[PDB]
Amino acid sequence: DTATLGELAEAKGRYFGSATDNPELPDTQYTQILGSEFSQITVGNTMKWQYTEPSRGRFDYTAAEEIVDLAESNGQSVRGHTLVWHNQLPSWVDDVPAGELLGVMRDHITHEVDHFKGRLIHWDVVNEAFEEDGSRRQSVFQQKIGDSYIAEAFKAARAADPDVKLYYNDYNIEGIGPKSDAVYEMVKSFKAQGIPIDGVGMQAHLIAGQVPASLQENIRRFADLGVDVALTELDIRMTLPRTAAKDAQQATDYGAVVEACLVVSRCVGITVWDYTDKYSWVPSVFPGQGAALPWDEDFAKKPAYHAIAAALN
């Protein structure tokens, strides 16, 4: 047993984990690595609204529970994902009269947070609330509740579970720019108004060869605001097919990302959006792209894995 990524990360006060999904659990080879290589697990889909509250007022934590129990059995911490999001939302939510949505969102949050109280280290309370230019995404929540929905979601979560870290999660906020500035301002605003928020999750869905050079400065400025930071859905996709040069560039990128987190004391950990290309969500969403993870489809460790372990030391 050589030091696993999880072990290397823990030695430096951080976690290194992977997201997973119920359909993958039957794959014995996949689960054996998932349970021994990582120190943290993120529930990839079954904690989302379409699954936990398929019909109004009727909750279902069955699927999510399976993954949480599995993580506990391996002594792995767990991150909840995600409470409020414009995607993967059951159809009844749109039919809720505008004036009732705030109460519905608060209730959804209260039941889910309460059910898992004491079992999760973090909760991605609100996910992808901003557009690339920094303006608010015009989701059903933004449109019918207004700008305060985000703050209300965090207050509802904190009221249901006092100890769990509350995170705001979004993509394309790794580098300093319009989007991250908007998140930065919101966080600063929350701190001043006493709105509860403990961290910022940078999804980090990156492109090989295009890692934001201002990544670490960006992580640092958030840490200086008084919040923790985590890379929550890390993957670095490339245009297929793979080549030694592309794999090498990807390795360099993974190393740079890991190093960046290690230099900022409040960067608590890294989670890859699953760990093997075999189950990566990338191909299905980004036509012609893939090979974004440290393990390939046959579970062989890529140069990326070597770079990650070296960075973790």
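The first residue of the sequence shown is number 1, and the count goes up from there.
Relative to its counterpart among 187-195 and 165-173, 187-195 has the higher mean temperature factor, C-alpha atoms as listed in the PDB entry. Comparing 227-235 with 92-100, the stretch with the higher mean C-alpha B-factor in the PDB entry is 92-100.
The residue among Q203, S73, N127, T110 whose C-alpha carries the highest B-factor in the deposited model is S73.
In this PDB entry, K48 carries a Cα temperature factor that places it within the lowest third of its chain's modelled residues. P26: CA B factor in the highest third of modelled residues in this chain (values from the PDB entry). Per the deposited record, the Cα B-factor of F59 falls in the middle third when ranked against the other modelled residues of its chain. Among all modelled residues in its chain, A307 ranks in the lowest third by Cα B-factor. Among the modelled residues of the chain, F38 sits in the middle third by CA temperature factor in this PDB entry.
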